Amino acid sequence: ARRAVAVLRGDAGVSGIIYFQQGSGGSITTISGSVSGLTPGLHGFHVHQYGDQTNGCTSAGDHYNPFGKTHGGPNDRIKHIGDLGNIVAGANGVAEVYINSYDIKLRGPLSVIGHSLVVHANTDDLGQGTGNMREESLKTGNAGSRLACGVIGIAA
């Protein structure tokens, strides 16, 4: 059994606290918490490669992708491990987050501990972009700027 947490901060009035809990036997990880200060609507939500905040959320690098796949949604068989889709901010700017995952781990070589969790300005198109949007869709989901981020740390 394991627990982690990311405290999201940034330069855009967005903040939050997101917990990760992985069950004994490590099959399922529950990601939950809340994010405030968001424009109402859908916001892209990803675990990024680096837990490096020396350049704000920019130094977090690209999406966490240990298996070298294209970008997708969290339910997709082909996705980045760090792809957590969209969270939904209500009219009051608060998104309550609740995601169950078989792919997000807190133990082992694929652990997301030490990586950054990042919330974005726009909707993640889940790798469904078409036309000239498709290149960036299959890389990042076209979710726009990084509004807040935090390093995923071990929690009690």
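Start at 1 with the first residue shown and count on from there.
Participant: 96-104 versus 44-52: which one carries the higher mean Cα B factor per the record?
Facilitator: Between 44-52 and 96-104, it is 96-104.
Participant: Which is higher in the entry, the mean Cα B factor of 106-114 or that of 63-71?
Facilitator: Higher mean C-alpha B-factor in the PDB entry: 106-114.
Participant: Divide the modelled residues of the chain into thirds by Cα B-factor and specify which third, lowest, middle or highest, holds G144.
Facilitator: Highest third.
Participant: Once the chain's modelled residues are ordered by C-alpha B factor and cut into thirds, is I87 in the lowest, middle or highest one?
Facilitator: Bottom third by C-alpha B-factor.
Participant: State the tercile, meaning the lowest, middle or highest third, of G33 with respect to the CA B-factors recorded for its chain.
Facilitator: Answer is middle: the recorded C-alpha B-factor places it there.
Participant: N132's Cα B-factor: lowest, middle or highest third of the chain?
Facilitator: Middle third.
Participant: Lowest, middle or highest third: where is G13 by Cα B-factor in its chain?
Facilitator: Bottom third by C-alpha B-factor.
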